[PDB]
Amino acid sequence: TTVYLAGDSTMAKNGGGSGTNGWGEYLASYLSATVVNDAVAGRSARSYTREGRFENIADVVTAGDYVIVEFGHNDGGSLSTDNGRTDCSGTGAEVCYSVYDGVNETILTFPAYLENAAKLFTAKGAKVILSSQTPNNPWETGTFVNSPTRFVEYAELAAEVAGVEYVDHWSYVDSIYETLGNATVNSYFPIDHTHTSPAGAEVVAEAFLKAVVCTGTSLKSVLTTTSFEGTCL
């Protein structure tokens, strides 16, 4: 059994550089399956699709494998000044067109990109888990602010439409950050409000596993332990 990870710098090996790391690097210790971290810094559901990265996973994934997909951090912004990451606005079959990198690109909505990827994998017999994005430092201002982005609800909507599983990674990380407090959580963000230090990445990976155990996600089958702090919800 192999577990494929698709995400951005919050999940990727080496995080966003400068001594930060991604949560995907701390999962293997807790699973009895091989973990393949295909997350890449700076990608959105759009650019990950355009670069052929979902396709690459589709080529090698087999029946029984898992694929965890988590995007959102790089999916917003303005299409007016196209950075190549921003998805088309909307929750369904809306299409946007923008010239980027020498191509008049057809751009889909965030849910559509995730639904299309889920369909490719599911048809081959893989188990897909769509996960909401992790939060930027919620204590950046000295007080706790719970402010989910639109991509948290979109990931949930996508899983529902594609018929796959959903793990609310956002809520589980924000719940543990709230309890850890201001000083500790700020220490997890060494250079900006997005990229976690190795300790923050470990806490973020544990929060994903807490969410899996609490919700009864299929990944439960390859977990080596259920001893993680925090509570269900």
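Counting begins at 1, following the sequence as shown.
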message = On mean Cα temperature factor in this entry, is 206 to 214 or 18 to 26 the higher one?
response = 18 to 26
note = Per the PDB entry, mean CA B-factor is higher for 91 to 99 or 122 to 130, namely for 91 to 99
task = Identify, among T49, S187, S171, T34, the residue whose C-alpha carries the highest B-factor in the deposited PDB entry.
result = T34
note = Reading the B-factor column for Cα atoms of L108, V152, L79, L114, the highest value belongs to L79
request  = Would you please rank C232 by its C-alpha temperature factor against the other modelled residues of its chain and give the third it falls in: lowest, middle or highest?
outcome  = highest
query = C-alpha B factor of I191, ranked within the chain: lowest, middle or highest third?
reply = highest
message = Quick check on the deposited entry: does the C-alpha B-factor of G200 sit in the lowest, middle or highest third of its chain?
response = lowest
ask   = If you rank the chain by CA B-factor, which third does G142 end up in: lowest, middle or highest?
value = highest
request  = Would you mind checking where the Cα B-factor of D59 ranks among the modelled residues of its chain, as the lowest, middle or highest third?
outcome  = highest
